[PDB]
Amino acid sequence: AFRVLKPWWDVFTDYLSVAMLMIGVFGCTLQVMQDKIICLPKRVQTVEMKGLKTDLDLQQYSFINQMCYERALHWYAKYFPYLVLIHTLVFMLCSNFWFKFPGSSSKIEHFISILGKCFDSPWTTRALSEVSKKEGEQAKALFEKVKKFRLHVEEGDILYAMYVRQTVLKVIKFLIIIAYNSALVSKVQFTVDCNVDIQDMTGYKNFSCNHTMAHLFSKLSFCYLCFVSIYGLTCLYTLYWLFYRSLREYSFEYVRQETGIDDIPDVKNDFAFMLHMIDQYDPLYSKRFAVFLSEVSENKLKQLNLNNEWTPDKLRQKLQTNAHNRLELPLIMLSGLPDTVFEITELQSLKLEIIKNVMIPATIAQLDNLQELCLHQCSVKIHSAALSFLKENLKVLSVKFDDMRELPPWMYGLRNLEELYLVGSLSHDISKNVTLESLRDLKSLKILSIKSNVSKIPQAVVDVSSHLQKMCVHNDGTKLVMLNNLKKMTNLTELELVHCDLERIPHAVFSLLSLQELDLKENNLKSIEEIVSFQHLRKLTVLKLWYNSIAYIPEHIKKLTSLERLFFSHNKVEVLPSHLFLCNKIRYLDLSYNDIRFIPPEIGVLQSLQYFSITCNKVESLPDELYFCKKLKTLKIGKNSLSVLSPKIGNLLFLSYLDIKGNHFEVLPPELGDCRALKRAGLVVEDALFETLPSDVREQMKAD
Amino acid sequence: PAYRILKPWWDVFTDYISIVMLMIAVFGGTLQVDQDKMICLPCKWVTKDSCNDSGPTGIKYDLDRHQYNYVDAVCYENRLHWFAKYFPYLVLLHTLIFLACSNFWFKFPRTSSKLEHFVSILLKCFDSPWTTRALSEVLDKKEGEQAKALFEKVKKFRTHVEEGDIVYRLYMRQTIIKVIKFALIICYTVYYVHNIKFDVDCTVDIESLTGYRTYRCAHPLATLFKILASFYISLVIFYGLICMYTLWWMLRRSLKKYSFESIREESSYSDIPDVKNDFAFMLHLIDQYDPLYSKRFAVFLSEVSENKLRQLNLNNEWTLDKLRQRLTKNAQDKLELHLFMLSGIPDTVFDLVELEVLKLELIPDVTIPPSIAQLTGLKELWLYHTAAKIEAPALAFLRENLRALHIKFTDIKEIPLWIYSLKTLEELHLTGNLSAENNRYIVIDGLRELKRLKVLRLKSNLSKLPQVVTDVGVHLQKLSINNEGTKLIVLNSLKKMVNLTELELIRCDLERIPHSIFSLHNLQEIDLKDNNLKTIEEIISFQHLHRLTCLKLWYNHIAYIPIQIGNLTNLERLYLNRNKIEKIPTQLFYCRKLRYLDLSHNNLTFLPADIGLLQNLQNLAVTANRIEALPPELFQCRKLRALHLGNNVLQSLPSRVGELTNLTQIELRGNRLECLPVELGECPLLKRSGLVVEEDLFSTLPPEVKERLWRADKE
Amino acid sequence: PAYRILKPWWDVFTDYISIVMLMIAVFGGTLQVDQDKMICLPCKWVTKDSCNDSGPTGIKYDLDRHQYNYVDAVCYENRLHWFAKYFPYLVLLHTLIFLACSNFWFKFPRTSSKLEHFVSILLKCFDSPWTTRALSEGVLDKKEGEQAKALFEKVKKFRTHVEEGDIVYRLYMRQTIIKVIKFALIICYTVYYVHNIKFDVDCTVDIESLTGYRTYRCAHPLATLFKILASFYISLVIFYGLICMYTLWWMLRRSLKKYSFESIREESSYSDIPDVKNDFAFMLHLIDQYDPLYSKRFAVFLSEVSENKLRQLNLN
């Protein structure tokens with residue numbers, strides 16, 4: 001479809017060129033045979049008139065005719081048709097100057113294909129009806145094609161320059177043609193005087209000659225002059241339309257006068273010029289193609305596609321529960337957030353995973369039941385009513401910042417927020433994150449878990465220490481430094497530091513006077529010598545120092561007796577001292593997968609113990625005083641070096657769990673029936689140890 | 001036309017110039033035929049045979065019109081220069097030669113056929129939707145097959161065209177000839193264009209016929225031929241310049257080497273090879289027309305695109321639904337998938353989450369993608385003649401989930417080096433020879449790293465046992481070595497089998513029992529199959545081993561059982577089949593705990609009564625023996641279920657078989673049972689599937705009993 | 001078109017030479033019709049009825065224009081050689097005979113029908129996907145399988161139908177022989193009679209009763225132009241004849257009635273392709289002289305092993 005890009009002046013000049021070709025061909029075929037001159041010598045040698053006798057043969061007459069055709073006839077009168085032919089062929093070749101160069105031709109084909117495809121697209125009519133399924137996907141594909149066309153054509157302006165060069169060439173050629181044709185049109189005359197010197201042949205010197213085809217050539221010259229003048233007026237109008245309006249800028253304000261959409265950008269250079277071309281064809285294509293340009297139309301189409309694909313019944317199918325017993329909607333890799341999601345009002349938690357370029361409307365005010373929000377690796381935007389409502393209502397937040405900007409800056413305008421899950425990663429310039437130190441606006445924050453490679457605790461935590469209570473940090477091989485920021489914790493109760501590479505327990509933990517629990521997970525504690533100040537943590541009941549490297553346990557454990565939970569699983573402890581079990585309030589003691597050589601008898605002091613795990617130890621001797629402690633509910637002694645299960649084991653009335661898996665035992669005693677809370681599941685052992693109960697004991701044990 | 005794509009801008013420019021040249025030649029020839037003449041006048045005053053040039057009156061020549069015509073013809077033939085006479089024919093001939101040189105490329109049948117094939121496949125690729133998808137990178141079956149067929153056509157076309165360089169050579173020759181012709185045309189035409197004059201003097205010596213010798217003439221189409229030549233020369237110059245540019249375009253770059261470095265850097269497929277000779281030449285010409293065609297044809301050349309298309313087609317050929325239809329179960333009642341003679345593993349396999357037994361059979365050098373981690377229940381893995389290549393997340397999920405690995409091979413390189421890095425491996429059958437140079441148990445030296453193995457089946461034609469297996473045997477509980485008739489050197493190196501419970505020496509050909517067999521207290525299953533025991537004499541030392549419960553001594557050359565076999569009591573599945581026992585003794589029935597007794601293919605003289613000492617016995621197979629009668633004591637046992645008694649010499653079954661209740665399966669094709677006792681129909685658990693019996697003796701029974709059995713079968 | 005496949009380089013070269021000679025024949029015929037005359041001036045001085053031809057004044061002949069026209073016509077008809085008058089018509093006739101010899105292969109209904117059948121199923125075998133499948137060495141469509149089986153049976157039937165008689169090869173050999181003999185006769189007579197195309201022609205026609213003169217001297221205007229045309233025609237005929245002798249040497253080099261598929265059976269998997277004979281062998285030699293890919297793609301249908309692979313794959 002190349003004729004669409006041709007306005008009225010282009011086809012008018014083309015048909016003028018065909019007329020010029022006809023005139024030139026007619027003039028040429030006249031000049032080939034009809035063009036001849038007739039010459040008679042001058043001063044030749046009831047009234048009866050007598051003819052003058054020139055005494056010349058026919059051959060001499062032809063010779064005179066030739067001499068006068070060559071040396072007396074003006075060159076214009078002989079070569080006018082060939083000049084017309086050459087000039088109109090140059091006009092025809094330059095008529096498609098802006099059509100033939102392959103880059104411009106590709107641009108023309110691309111633009112006309114795009115304009116025709118969106119012309120056939122019903123999304124234009126749908127959008128025009130809105131302002132005043134499969135086809136939605138086709139419209140989206142055509143829109144991204146339009147954006148690619150914008151990135152491919154608008155930045156250049158070669159087509160306009162080629163058009164202006166072609167127009168200027170046509171105008172200057174028309175000026176030349178009018179000038180020389182008007183100058184030499186008087187030379188085409190009938191009667192000419194020929195003064196060749198052929199006196200030595202014919203006998204005469206002065207001749208009067210007649211160009212037989214001079215009237216016809218004059219009429220043809222005037223007709224060609226008229227056609228050239230019309231062609232030049234057409235080209236002058238083309239140049240005037242080129243110059244008096246700036247065609248490097250196409251304005252869609254005339255569309256804006258009746259169409260409400262105002263985000264439409266104004267295209268420039270090649271796009272502007274060739275849209276002006278399509279306007280010259282018919283303005284309907286331009287005012288219709290306007291709707292395919294703006295971006296808010298694409299956003300509206302995306303929202304419509306999301307609403308169509310996600311019926312509320314599909315959301316009922318998607319409804320599930322989460323880790324905090326809330327109604328969760330898992331939305332995975334979505335284009336956006338549908339309003340159908342907000343139509344659900346029973347919803348208690350929102351899960352948005354990598355749904356980026358998303359703006360939260362006021363419609364979330366529909367669902368009042370929200371308590372948790374999962375904004376995972378998604379850059380989210382906001383609206384004023386959404387800020388107000390999520391300030392009033394939202395309390396639990398769980399975001400993942402794969403990218404720093406994928407953390408949105410508006411989490412911190414809230415106040416009702418209580419739980420925060422800051423999973424992700426961080427760079428070297430930790431203190432520059434002003435996003436962290438805006439939680440001063442948060443008043444209700446109580447849970448903070450930051451799985452990130454955080455080396456320096458921010459001053460954010462220092463500010464929010466008054467109301468914060470729980471820390472969970474997974475550095476994953478990153479050293480944590482600058483522990484004064486954890487010193488100025490005051491009201492914190494829980495601290496779970498994982499892989500922080502803390503060589504020693506800082507004075508930060510002892511500056512805490514109300515810490516309920518401490519975790520020093522994956523932290524290389526080679527020695528524990530700073531426990532002297534641990535007495536200041538009177539609230540400390542949990543010391544989960546597991547997978548650690550504590551080589552020996554000193555007397556400093558006597559500083560705190562309020563300790564209840566004690567996890568030293570996989571520790572480097574060799575021999576337990578006499579000084580652990582003085583703290584009788586301990587109930588929950590773990591030494592799982594350690595390598596203790598043996599258990600000394602001072603374990604008898606721990607009566608209020610309810611859990612004693614030493615599994616996978618090298619312990620060959622269990623003295624009977626741990627069997628004397630009857631309050632010991634759980635007692636895990638698995639995979640040690642022990643020999644025989646104690647026959648007087650039924651004395652432990654409150655022995656809920658006895659993990660003695662993989663121990664080298666011989667025969668189970670019959671007094672497991674006296675044990676009230678020990679099962680085959682509880683007494684996990686190898687099966688050849690399970691097969692050892694007496695038959696009546698099997699009858700009493702299968703019935704428990 | 002169809003070959004416009006091959007023609008660059010210079011070729012079409014030369015074509016248009018040649019068309020204009022042909023128009024000029026036609027015009028000049030028309031003028032030469034019609035109105036090209038000479039009209040000559042005699043020189044009246046002549047001195048030394050030259051025009052003397054010595055109111056006014058006309059000069060009288062006294063010449064007729066025919067004498068004038070004769071003078072004109074003779075002075076046109078003899079004294080007009082040949083260039084003025086034959087210039088239109090010369091430009092005609094030159095233009096025809098130029099056109100022939102230009103069209104000889106498309107005229108010559110070999111190059112025309114090559115160009116037609118190239119243009120056809122390029123046009124088919126340009127409209128191929130798979131090309132659009134590859135540029136974009138779920139397809140139709142016919143679309144994928146068309147893409148594969150076009151790929152194969154591209155391969156065979158490349159093999160067809162890269163061998164010869166005739167097309168480029170022909171184009172070079174045509175350009176050279178055009179340049180040389182331009183040079184000659186310019187030289188001769190510029191040399192001879194000055195001879196086209198208007199006034200020519202002719203001295204033809206026709207004084208005998210006319211009366212004059214010298215005449216001065218005038219050529220009408222002289223100064224018109226002087227502009228038609230001068231315009232023609234210009235075109236030739238333009239033609240030559242264009243041709244010269246084409247010649248320059250041959251010399252700066254090598255047309256026989258089209259390097260795809262520019263295309264493969266921009267495109268994702270950075271493995272596009274560089275084409276050569278004629279194919280390179282027409283790809284370069286495609287670039288001169290429009291590079292988009294060559295860019296689109298480039299995706300039908302890379303091998304990565306071929307692999308992607310094969311994977312896309314394989315997802316279509318092997319879908320999740322088809323895999324579920326083919327989904328089967330193994331001997332362990334676990335979900336297995338038998339992929340036999342596959343090119344690879346489709347990702348539809350890996351989209352599963354419930355698969356436990358991934359079986360890979362005869363797949364050439366496959367690469368396992370990480371999505372195996374989605375197969376959450378994956379525990380077994382079967383490698384049969386399959387070189388497996390795996391990555392690290394796969395190794396992670398197999399280190400936390402996979403507890404079985406079944407490797408079958410015929411070569412060392414078929415066995416991958418990753419399989420020794422599993423942290424949950426428990427069951428492991430290596431099938432194929434594991435003894436080689438620097439590789440005898442050093443293929444699999446990472447079996448120390450596997451600390452949870454419990455089953456080790458080795459069909460390896462083995463001659464020795466590694467000590468590391470004995471070290472692993474703290475947790476390993478089953479070792480079955482198949483060697484196809486090769487004796488191992490035990491040398492009492494197996495005593496670390498504390499946890500071994502099933503020592504199964506299949507086709508060991510030992511003929512003796514080493515002390516390590518009856519030193520291992522946890523052994524419960526002992527079958528010395530095909531070991532050619534003429535005598536079994538080592539059962540006495542088994543009483544220190546408290547756990548032996550099943551002596552399946554089958555498929556052996558055992559000639560006789562000593563009566564000391566009566567000392568045992570604790571066996572249940574006493575399978576002494578496929579032997580040469582002369583007779584079963586009463587001592588063997590001192591075993592009270594027997595629940596299963598197989599004595600198939602023996603030389604038993606008869607069946608004694610003490611077979612009825614077996615109350616808990618469930619299946620009994622004394623098949624292929626010489627047995628005539630079943631005693632009533634055998635029928636006091638209420639628990640007989642599977643009585644494979646066929647191909648025997650059984651005379652009759654005594655009516656005390658009515659005491660039997662739990663009979664389930666019996667085989668009686670064979671034997672000598674004259675007629676069916678109705679008690680065989682009395683057995684409730686014995687159904688039509690279990691009562692494999694002759695039909696006539698069944699018909700001898702009353703029809704209503706048969707009807708009752710039928711109604712029990714069908715209701 | 002459909003017949004361009006069976007036109008080797010010699011055939012297309014002879015066709016282009018033929019249209020070129022047709023063009024020069026048309027040009028010469030137009031020239032003969034329009035501008036072929038001869039200007040005859042009487043010899044005022046005579047000797048034994050021969051042209052003696054022994055301020056100058058032109059010789060007065062006292063002849064009207066009509067007597068001059070009569071002298072022109074009589075000397076043109078009588079004392080101008082028949083070659084210089086009927087050269088373009090002879091060239092046109094020879095060119096028409098050459099074109100008829102070239103195209104009688106396409107016009108005779110038996111040979112034209114055989115050529116059409118061959119071209120048709122060669123195009124169908126090219127369009128057959130099993131050609132690609134066999135040349136590569138999976139899943140078969142029912143319609144594709146039926147088309148492949150029908151094409152195999154058509155190939156077998158046609159091979160049986162045409163291998164019996166070699167009328168096409170015999171006709172092509174006869175056409176080549178006729179063309180080479182025509183070229184020999186043309187070059188002989190044209191070389192002999194080209195020197196009789198002269199400019200100055202002395203005519204003695206005995207019209208003294210009407211004109212008054214006995215002998216005249218004539219100038220043939222289109223004499224050297226006709227001589228140039230004759231030399232051009234001689235060059236074209238020499239080129240045509242050299243091409244025809246090359247074509248005849250192509251016939252006599254090897255038996256075109258016996259085609260051996262040894263190279264293709266060695267390169268391809270199927271090594272049981274029989275050595276076909278006579279008209280099929282000639283027709284395959286022609287397409288081998290155009291493009292060996294046609295034989296490569298068509299040899300798979302002749303072999304029975306490919307049929308064995310066909311029946312196994314169709315069953316699957």
# chains A, B, ... in the order shown; residues from 1 in each chain; ligands from 1
$ residues_around --residues "residue 134 of chain B" --least-positions-apart "3" --cutoff "8 Å" --atoms "only C-alpha atoms" --output "list in words"
residues 130, 131, 137, 299 and 305 of chain B
$ residues_around --residues "residue 163 of chain C" --least-positions-apart "4" --cutoff "7 Å" --atoms "only C-alpha atoms" --output "list in words"
residues 159, 277, 278, 279 and 280 of chain C
$ write_last_selection --atoms "C-alpha atoms" --output "PDB file, in the first residue's frame"
ATOM      1  CA  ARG C 159       9.150 -46.822 -15.329  1.00  0.00           C
ATOM      2  CA  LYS C 277      17.673 -48.142 -19.686  1.00  0.00           C
ATOM      3  CA  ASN C 278      16.522 -46.399 -22.876  1.00  0.00           C
ATOM      4  CA  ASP C 279      14.047 -43.487 -22.605  1.00  0.00           C
ATOM      5  CA  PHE C 280      14.154 -43.276 -18.807  1.00  0.00           C
TER       6      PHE C 280
END
$ residues_around --residues "segment 369-373 of chain B" --least-positions-apart "5" --cutoff "7 Å" --atoms "only C-alpha atoms" --output "MDAnalysis selection string"
chainID B and resid 350 391 393:394 397
$ closest_residue --among "A:339, A:276, A:137, A:646" --to "residue 241 of chain A" --atoms "only C-alpha atoms"
A:276
$ closest_atom_pairs --of "chain B" --to "chain A" --cutoff "8 Å" --atoms "only C-alpha atoms" --output "CSV"
residue,atom,partner,partner_atom,distance
B:31,CA,A:32,CA,7.7
B:35,CA,A:33,CA,8.0
B:39,CA,A:63,CA,6.6
B:40,CA,A:63,CA,7.3
B:41,CA,A:201,CA,6.7
B:42,CA,A:201,CA,7.2
B:43,CA,A:201,CA,6.5
B:44,CA,A:201,CA,7.1
B:53,CA,A:200,CA,5.6
B:54,CA,A:200,CA,7.0
B:55,CA,A:43,CA,6.3
B:56,CA,A:204,CA,6.0
B:57,CA,A:203,CA,5.7
B:58,CA,A:203,CA,4.7
B:59,CA,A:203,CA,5.3
B:60,CA,A:55,CA,6.8
B:65,CA,A:59,CA,7.5
B:68,CA,A:59,CA,7.0
B:218,CA,A:63,CA,7.3
B:220,CA,A:66,CA,7.0
$ closest_atom_pairs --of "chain B" --to "chain C" --cutoff "7 Å" --atoms "only C-alpha atoms" --output "Markdown table"
| residue | atom | partner | partner_atom | distance |
| --- | --- | --- | --- | --- |
| B:44 | CA | C:55 | CA | 5.6 |
| B:45 | CA | C:55 | CA | 5.1 |
| B:46 | CA | C:55 | CA | 6.7 |
| B:61 | CA | C:58 | CA | 6.0 |
| B:62 | CA | C:58 | CA | 5.1 |
| B:63 | CA | C:58 | CA | 5.3 |
| B:67 | CA | C:41 | CA | 6.8 |
| B:70 | CA | C:39 | CA | 5.9 |
| B:73 | CA | C:221 | CA | 6.3 |
| B:108 | CA | C:9 | CA | 6.4 |
| B:109 | CA | C:290 | CA | 5.8 |
| B:110 | CA | C:290 | CA | 6.3 |
| B:113 | CA | C:291 | CA | 6.7 |
| B:208 | CA | C:53 | CA | 5.0 |
| B:209 | CA | C:43 | CA | 6.3 |
| B:210 | CA | C:58 | CA | 5.7 |
| B:211 | CA | C:58 | CA | 4.4 |
| B:212 | CA | C:56 | CA | 6.2 |
$ residues_around --residues "segment 412-425 of chain B" --least-positions-apart "5" --cutoff "10 Å" --atoms "only C-alpha atoms" --output "VMD selection string"
chain B and resid 364 to 365 379 to 380 383 to 392 395 to 405 407 430 432 to 436 439 443 to 454
$ write_last_selection --atoms "N, CA and C atoms" --output "short mmCIF file (atom, residue, chain, number, x, y, z; two decimals), in the first residue's frame"
data_model
loop_
_atom_site.label_atom_id
_atom_site.label_comp_id
_atom_site.auth_asym_id
_atom_site.auth_seq_id
_atom_site.Cartn_x
_atom_site.Cartn_y
_atom_site.Cartn_z
N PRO B 364 21.41 -40.82 24.98
CA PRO B 364 22.82 -40.50 24.70
C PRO B 364 23.27 -39.17 25.29
N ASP B 365 24.09 -39.25 26.35
CA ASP B 365 24.77 -38.11 26.95
C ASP B 365 23.81 -36.99 27.35
N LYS B 379 13.07 -40.83 45.04
CA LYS B 379 13.90 -41.69 45.87
C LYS B 379 14.76 -42.66 45.08
N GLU B 380 14.24 -43.28 44.02
CA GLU B 380 14.99 -44.22 43.20
C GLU B 380 15.48 -43.50 41.95
N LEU B 383 19.73 -45.84 36.03
CA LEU B 383 20.56 -45.51 34.87
C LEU B 383 20.99 -46.80 34.17
N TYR B 384 20.37 -47.04 33.01
CA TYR B 384 20.69 -48.20 32.17
C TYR B 384 21.23 -47.71 30.83
N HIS B 385 22.54 -47.92 30.62
CA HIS B 385 23.24 -47.53 29.40
C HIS B 385 23.06 -46.05 29.09
N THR B 386 23.13 -45.22 30.14
CA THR B 386 22.82 -43.80 30.05
C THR B 386 23.96 -43.00 30.68
N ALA B 387 24.67 -42.23 29.86
CA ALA B 387 25.65 -41.28 30.39
C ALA B 387 24.93 -40.05 30.91
N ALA B 388 24.97 -39.86 32.23
CA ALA B 388 24.20 -38.83 32.90
C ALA B 388 25.10 -37.66 33.26
N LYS B 389 24.65 -36.45 32.94
CA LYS B 389 25.33 -35.21 33.29
C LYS B 389 24.38 -34.38 34.15
N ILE B 390 24.82 -34.01 35.35
CA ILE B 390 23.96 -33.37 36.33
C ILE B 390 24.66 -32.14 36.89
N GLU B 391 23.87 -31.26 37.51
CA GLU B 391 24.36 -30.01 38.07
C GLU B 391 24.12 -29.97 39.58
N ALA B 392 24.40 -28.81 40.18
CA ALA B 392 24.52 -28.67 41.63
C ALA B 392 23.19 -28.58 42.39
N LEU B 395 22.06 -31.98 42.52
CA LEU B 395 22.84 -32.70 43.52
C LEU B 395 22.35 -32.38 44.93
N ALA B 396 21.87 -31.15 45.15
CA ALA B 396 21.36 -30.78 46.47
C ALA B 396 20.08 -31.53 46.79
N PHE B 397 19.14 -31.55 45.85
CA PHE B 397 17.87 -32.22 46.12
C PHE B 397 18.09 -33.73 46.21
N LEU B 398 19.07 -34.26 45.48
CA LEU B 398 19.36 -35.68 45.59
C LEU B 398 20.16 -36.00 46.85
N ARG B 399 20.89 -35.01 47.39
CA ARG B 399 21.59 -35.22 48.64
C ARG B 399 20.65 -35.14 49.83
N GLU B 400 19.49 -34.49 49.66
CA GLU B 400 18.53 -34.43 50.75
C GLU B 400 17.33 -35.36 50.58
N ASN B 401 17.07 -35.87 49.37
CA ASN B 401 15.88 -36.69 49.15
C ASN B 401 16.22 -38.09 48.65
N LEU B 402 17.11 -38.18 47.66
CA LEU B 402 17.36 -39.44 46.97
C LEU B 402 18.06 -40.44 47.89
N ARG B 403 17.43 -41.60 48.06
CA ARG B 403 18.02 -42.69 48.83
C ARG B 403 18.18 -43.97 48.03
N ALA B 404 18.15 -43.91 46.70
CA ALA B 404 18.37 -45.08 45.87
C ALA B 404 18.95 -44.67 44.53
N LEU B 405 19.74 -45.57 43.93
CA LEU B 405 20.47 -45.25 42.70
C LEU B 405 20.83 -46.57 42.02
N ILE B 407 22.37 -48.23 38.79
CA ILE B 407 23.21 -47.85 37.67
C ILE B 407 23.53 -49.13 36.89
N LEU B 430 24.90 -51.68 41.17
CA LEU B 430 25.82 -51.42 40.06
C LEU B 430 25.83 -52.64 39.14
N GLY B 432 27.20 -54.19 35.56
CA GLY B 432 28.25 -54.00 34.58
C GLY B 432 29.62 -54.09 35.22
N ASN B 433 30.65 -54.38 34.43
CA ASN B 433 31.98 -54.65 34.97
C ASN B 433 32.58 -53.43 35.66
N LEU B 434 32.96 -53.61 36.92
CA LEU B 434 33.60 -52.57 37.72
C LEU B 434 35.09 -52.79 37.91
N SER B 435 35.68 -53.78 37.25
CA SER B 435 37.11 -54.06 37.38
C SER B 435 37.82 -53.66 36.09
N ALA B 436 38.72 -52.69 36.19
CA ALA B 436 39.44 -52.18 35.03
C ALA B 436 40.76 -51.58 35.47
N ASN B 439 40.80 -48.57 37.68
CA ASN B 439 39.38 -48.35 37.85
C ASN B 439 38.69 -49.55 38.51
N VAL B 443 36.44 -46.90 39.82
CA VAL B 443 35.31 -46.18 39.25
C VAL B 443 34.51 -45.54 40.36
N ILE B 444 34.26 -46.32 41.41
CA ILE B 444 33.23 -46.06 42.41
C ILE B 444 33.84 -45.78 43.77
N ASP B 445 35.08 -45.27 43.78
CA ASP B 445 35.83 -45.07 45.02
C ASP B 445 35.12 -44.14 46.00
N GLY B 446 34.18 -43.32 45.53
CA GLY B 446 33.35 -42.52 46.39
C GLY B 446 32.27 -43.26 47.13
N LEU B 447 32.35 -44.59 47.22
CA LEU B 447 31.38 -45.32 48.03
C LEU B 447 31.74 -45.27 49.51
N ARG B 448 32.90 -44.70 49.85
CA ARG B 448 33.16 -44.33 51.24
C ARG B 448 32.31 -43.14 51.65
N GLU B 449 32.09 -42.20 50.72
CA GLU B 449 31.33 -40.99 51.05
C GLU B 449 29.87 -41.31 51.32
N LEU B 450 29.38 -42.43 50.80
CA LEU B 450 28.00 -42.85 51.02
C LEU B 450 27.93 -43.69 52.29
N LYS B 451 27.47 -43.08 53.38
CA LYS B 451 27.50 -43.70 54.69
C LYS B 451 26.15 -44.27 55.13
N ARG B 452 25.17 -44.35 54.24
CA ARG B 452 23.86 -44.90 54.59
C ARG B 452 23.40 -46.01 53.66
N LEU B 453 24.31 -46.61 52.88
CA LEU B 453 23.94 -47.72 52.01
C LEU B 453 23.43 -48.90 52.82
N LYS B 454 22.38 -49.55 52.32
CA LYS B 454 21.84 -50.75 52.94
C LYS B 454 21.65 -51.91 51.98
#
$ residues_around --residues "segment 294-296 of chain A" --least-positions-apart "3" --cutoff "8 Å" --atoms "only C-alpha atoms" --output "PyMOL selection string"
chain A and resi 263-265+290-291+299-300
$ residues_around --residues "residue 698 of chain B" --least-positions-apart "6" --cutoff "10 Å" --atoms "only C-alpha atoms" --output "number ranges by chain"
B: 675-678, 680-681, 706
$ residues_around --residues "residue 661 of chain B" --least-positions-apart "5" --cutoff "10 Å" --atoms "only C-alpha atoms" --output "compact mmCIF listing (two decimals) with N, CA and C atoms, in the first residue's frame"
# COMPACT_ATOMS: atom_id res chain seq x y z
N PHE B 635 -3.80 -83.42 54.91
CA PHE B 635 -5.08 -82.72 54.91
C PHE B 635 -5.55 -82.33 56.31
N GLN B 636 -4.94 -82.87 57.37
CA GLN B 636 -5.20 -82.30 58.70
C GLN B 636 -4.71 -80.86 58.79
N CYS B 637 -3.67 -80.52 58.03
CA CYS B 637 -3.19 -79.15 57.97
C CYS B 637 -4.22 -78.27 57.28
N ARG B 638 -4.75 -77.29 58.00
CA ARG B 638 -5.83 -76.44 57.50
C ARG B 638 -5.34 -75.27 56.67
N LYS B 639 -4.03 -75.04 56.59
CA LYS B 639 -3.51 -73.80 56.02
C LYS B 639 -2.89 -73.96 54.64
N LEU B 640 -3.03 -75.11 54.00
CA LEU B 640 -2.54 -75.30 52.64
C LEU B 640 -3.26 -74.36 51.69
N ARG B 641 -2.51 -73.52 50.97
CA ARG B 641 -3.12 -72.61 50.01
C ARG B 641 -2.69 -72.88 48.57
N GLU B 679 -14.35 -83.08 46.39
CA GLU B 679 -13.72 -82.29 47.44
C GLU B 679 -12.83 -81.19 46.87
N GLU B 682 -14.87 -78.47 46.69
CA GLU B 682 -15.36 -78.02 47.98
C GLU B 682 -14.56 -76.85 48.52
N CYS B 683 -13.31 -76.71 48.09
CA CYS B 683 -12.41 -75.72 48.68
C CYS B 683 -12.89 -74.30 48.38
N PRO B 684 -13.23 -73.50 49.40
CA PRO B 684 -13.82 -72.18 49.16
C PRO B 684 -12.86 -71.17 48.56
N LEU B 685 -11.67 -71.03 49.16
CA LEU B 685 -10.69 -70.07 48.67
C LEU B 685 -10.17 -70.45 47.29
N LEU B 686 -10.26 -71.74 46.94
CA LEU B 686 -9.88 -72.18 45.61
C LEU B 686 -10.94 -71.76 44.59
$ atom_distance --atom1 "atom CA of residue 11 of chain A" --atom2 "atom CA of residue 239 of chain A"
15.9 Å
$ select_by_dssp --residues "segment 317-435 of chain A" --states "helix (DSSP H, G or I)" --output "list in words"
residues 317, 318, 339, 340, 341, 342, 343, 362, 363, 364, 365, 366, 384, 385, 386, 387, 388, 389, 390, 391, 392, 409, 410, 411, 412 and 413 of chain A
